[PDB]
Amino acid sequence: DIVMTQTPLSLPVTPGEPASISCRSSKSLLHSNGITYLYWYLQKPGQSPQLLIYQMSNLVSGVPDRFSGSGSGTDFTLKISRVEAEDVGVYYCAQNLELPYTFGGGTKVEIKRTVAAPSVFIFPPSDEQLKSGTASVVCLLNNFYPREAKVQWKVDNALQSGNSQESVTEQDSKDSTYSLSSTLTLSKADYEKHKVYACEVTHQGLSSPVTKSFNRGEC
Amino acid sequence: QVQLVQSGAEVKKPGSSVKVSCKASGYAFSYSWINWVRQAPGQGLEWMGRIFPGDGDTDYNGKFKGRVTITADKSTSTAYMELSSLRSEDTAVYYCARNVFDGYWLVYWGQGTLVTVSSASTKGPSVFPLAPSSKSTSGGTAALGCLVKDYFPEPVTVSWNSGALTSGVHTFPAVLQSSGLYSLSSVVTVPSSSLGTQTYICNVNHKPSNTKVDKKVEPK
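The numbering scheme restarts from 1 for each chain and tracks the written sequence of that chain rather than necessarily the entry's numbering. Residues without coordinates are not displayed. Chain A is the first chain written and ligand 1 is the first ligand written, with later ones labelled in order. To get the side-chain values, all heavy atoms of the structure are used, and hydrogens and water are removed first.

- Going by the annotation in the PDB entry, the name recorded for chain B is GA101 Fab heavy chain, with Mus musculus given as the source organism.

- If you look chain A up in the PDB entry, it shows as GA101 Fab light chain from Mus musculus.

Structure, rendered in structure tokens:
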């Protein structure tokens with residue numbers, strides 16, 4: 001199967017500047033007809049994929065001429081002379097030269113902005129959930145950039161593992177920041193064994209890790 | 001005026017089968033290849049197969065090992081995609097796409113059809129307050145939210161003050177866990193100076209279970 005390999009997996013871009021995505025096929029996508037069967041698809045957030053470039057360098061109707069496709073034997077490239085805020089989404093490359101048809105992993109294009117440190121908040125379990133026998137502790141990393149971030153839970157200064165799950169918002173369209181939630185789940189009984197619950201955050205926008213914590217059963 | 005309208009979302013028990021409709025219009029239905037493409041949550045695109053309604057000719061991807069059957073009804077310009085022996089990994093969005101001869105591969109796409117595969121049973125969520133607090137410290141500006149936990153299936157919608165509060169709100173993508181159930185939080189930052197003036201309420205709506213709950217998040 002003609003493997004398609006894209007890079008980079010993620011690609012932040014500053015509006016107004018250039019931008020490029022590379023694709024590579026295991027086999028030669030050139031044919032006797034002369035037509036090279038490489039396709040570029042763009043999937044805008046929350047939408048269905050849309051054909052962007054067909055047969056290597058052909059622009060689909062309606063595609064801004066800022067976009068352009070090129071290639072050489074097995075190395076292909078998508079270029080955006082200058083980037084608009086509307087070009088964000090996952091770009092997939094694909095081949096229809098051979099069955100079965102195949103795609104590349106895709107390249108997620110996002111807006112590159114100035115670093116912003118996360119504002120951190122921690123949330124103890126509500127008393128309602130506690131009577132239900134469970135305790136969820138929530139640490140919130142709000143309006144930050146870039147996305148990469150390490151969030152670790154310390155319970156009585158003991159680092160936790162596998163005990164937590166995180167979920168991350170998609171880039172805000174107003175300020176290009178993200179938000180991450182790290183939920184910690186415990187038994188009501190395992191929760192009443194310890195006092196200090198801490199959320200320690202590492203990020204590019206913080207000189208050093210920022211810790212937010214609370215002592216159980218007291219505010 | 002080409003358009004591709006697929007059937008609605010689907011929730012199936014593992015080992016079962018699903019049949020997605022693909023209604024096409026605006027062109028000669030019989031003379032364009034209909035392709036099917038799938039996309040697992042947060043993952044790439046996967047070519048499933050293709051049918052030529054004009055002669056019922058079909059091609060499939062080997063990986064699906066016969067679990068896929070593509071059909072087409074000329075009289076209604078509708079193409080069908082049937083998956084067999086469903087497993088959790090089959091949880092994804094399924095697209096139908098139309099070709100246009102002379103290189104225009106996959107030029108038209110449907111709105112997509114979500115198919116979630118699990119053994120979980122429909123259940124409304126529990127709604128817990130993420131109460132605002134701080135007291136001492138610094139950085140004067142409060143955070144509050146709602147823990148919407150243990151529900152099936154997706155999706156759930158959350159608003160604030162019945163839509164009046166949209167600025168600052170962040171509703172995180174649900175995460176599936178060891179139970180068949182989902183879970184998520186909806187948070188919002190407001191002037192900590194306002195906790196004594198503005199009543200904040202999260203409006204959780206879970207259509208699948210006909211569950212609606214408005215929880216007031218007061219300080220403490």
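**Some remarks on the overall build of chain B**
Thinking step 1. Scanning chain B from N- to C-terminus turns up zero helices and 19 strands.
Thinking step 2. Projected onto its principal axes, the C-alpha coordinates of chain B cover approximately 75 × 35 × 30 Å.
Thinking step 3. The 220 residues of chain B split such that 47% are buried.
Thinking step 4. Chain B carries 20 positive and 14 negative side-chain charges, and their two centres are separated by 9 Å. Secondary structure follows DSSP: runs of H or I at least 4 residues long count as helices, runs of E at least 2 residues long count as strands, and numbering of each begins at the N terminus. Here's how the labels work: a residue is buried when its accessible area is under 20% of the maximum for its type, exposed when over 50%, partly exposed in between, all with a 1.4 Å probe on protein chains only. Counting rule for charge: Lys and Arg are taken as positive, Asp and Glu as negative, and neither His nor the chain ends is counted. In plain terms, the charge of a residue is placed at NZ if it is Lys, CZ if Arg, CG if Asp and CD if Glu.

**A closer look at the overall build of chain A**
Thinking step 1. Regarding its fold elements, chain A presents two helices and 19 strands.
Thinking step 2. Considering only C-alpha atoms, chain A reaches an extent of 75 × 35 × 30 Å along its principal axes.
Thinking step 3. Within chain A, the fraction of its 219 residues that count as buried is 48%.
Thinking step 4. Between two residues, a contact is recorded if the distance between any of their heavy atoms is within 4.5 Å. When contacts within chain A are restricted to residue pairs at least 6 apart in sequence, those whose partners lie at least 24 apart make up 55%.
Thinking step 5. Areas reported here follow the Shrake-Rupley algorithm with a probe of radius 1.4 Å; residue values treat only the protein chains shown as occluding. Of the accessible surface of chain A, which amounts to about 10200 Å², a share of 48% is contributed by carbon and sulfur atoms.
Thinking step 6. In chain A, 19 positive and 21 negative side-chain charges are present, and the distance between their average locations comes to 3 Å.

**With respect to the sheet that holds strand β17 (residues 178-187) of chain A**
All names here are of chain A.
Thinking step 1. A pair of strands is labelled paired if DSSP reports no fewer than 2 bridges between them. Read from one edge to the other, the open sheet built from four strands follows the order β12-β13-β17-β16, with strand pairing classed as antiparallel. The two strands at the open ends of the sheet, each matched to only one other strand, are β12 (119-123) and β16 (164-168). Here the strands of the sheet are splayed against their neighbours by 15° on average, with no regard to which way each runs.
Thinking step 2. Of the strand pairs in this sheet, β12 and strand β13 (residues 134-144) are connected by five bridges, and their pairing is antiparallel. What sits directly across from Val-120, in β13, is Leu-141. As a rule, the C-alpha atoms of each element are fitted with a line to give its axis, helices using only the stretch in contact, and angles between N-to-C directions run from 0 to 180 degrees.

**Let's talk about the nonpolar core**
Thinking step 1. Ranked by internal contacts, the top residues of the largest apolar core, which has 43 residues, are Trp40(A), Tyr41(A), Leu52(A), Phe103(A) and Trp105(B).
Thinking step 2. Throughout, nonpolar core names a set of buried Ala, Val, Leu, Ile, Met, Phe, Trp, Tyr and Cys residues whose side chains join them through atoms within 4.5 Å. Of all hydrophobic cores here, the second largest spans 24 residues; its members include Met48(B), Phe64(B), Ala92(B) and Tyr94(B).

**Describing the pairing of strand β9 (residues 92-100) of chain B**
Consecutive side chains of a regular strand alternate in pointing toward one face of the sheet and then the other.
Residue and element names in this part refer to chain B.
Thinking step 1. Counting buried residues in β9 gives seven out of nine residues, a clear majority hidden from the surface.
Thinking step 2. In the sheet, strand β4 (residues 34-39) pairs with β9 via six bridges, with the strands oriented antiparallel. Across the sheet, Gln-39 pairs through a bridge with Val-93, a residue of β9.
Thinking step 3. By the bridge criterion, three bridges tie β9 to strand β11 (residues 113-117) in an arrangement that is antiparallel. Within the sheet, the bridge partner assigned to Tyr-94 lies in β11 and is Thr-113.

**Looking at the environment of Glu89(B)**
Residue and element names in this part refer to chain B.
Thinking step 1. Assignment of secondary structure puts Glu-89 in the loop between β8 (78-83) and β9.
Thinking step 2. Judged by relative accessible area, which is 60%, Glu-89 ranks as exposed.
Thinking step 3. Once the C-alpha coordinates of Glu-89 and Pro-41 are considered, the two residues, 48 residues apart in sequence, prove to be 9.6 Å apart.

**Describing the pairing of strand β10 (residues 104-109) of chain B**
All names here are of chain B.
Thinking step 1. Sheet analysis places β9 next to β10, joined by three bridges and oriented antiparallel. Looking across to β10, one finds that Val-100 is bridged to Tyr-104.
Thinking step 2. The antiparallel hairpin formed by β9 and β10 contains three residues in its connecting segment, where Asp-102 sits at a positive phi of about 75°.

**Structural notes on the pattern of salt bridges**
Residue and element names in this part refer to chain A.
Thinking step 1. Criterion for a salt bridge: a side-chain nitrogen of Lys or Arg within 4 Å of a carboxyl oxygen of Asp or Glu. If you walk through the whole model with that rule in mind, you get 20 salt bridges over all chains.
Thinking step 2. One salt bridge connects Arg-66 with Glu-84, and the closest N-O pair in it is separated by 3.2 Å. Here the residue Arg-66 occupies a position in the loop between β6 (58-59) and β7 (67-72), and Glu-84 occupies one in the loop between β8 (75-80) and β9 (89-95), the gap between them amounting to 18 residues.
Thinking step 3. You can call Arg-66 buried: its relative accessible area is 13%.
Thinking step 4. What makes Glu-84 buried here is its relative accessible area of 16%.
Thinking step 5. Between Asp-190 and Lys-193 there is a salt bridge; the shortest N-O distance is 4.0 Å.

**Regarding the layout of surface pockets**
Thinking step 1. Only protein atoms enter the 1 Å grid used here. Points where a 1.4 Å probe fits but cannot escape make up a cavity, open sets with protein on both sides within 12 Å along at least five of seven lines make up a pocket, and a residue lines them when an atom lies within 4 Å of a point. Grid points are joined across faces, edges and corners, and a volume is the space filled by probe spheres set on the points. One number sums up the size of the second largest pocket: a volume of about 1300 Å³.
Thinking step 2. Of all elements in the fold, only β12, α1 (127-131) and β19 (210-215) of chain A together with β12 (126-130) and β13 (142-151) of chain B reach the threshold of two or more residues within the lining of the second largest pocket.
Thinking step 3. Examining the composition of the lining of the second largest pocket, we find that five residues originate from one element, β12(A), more than from any other.

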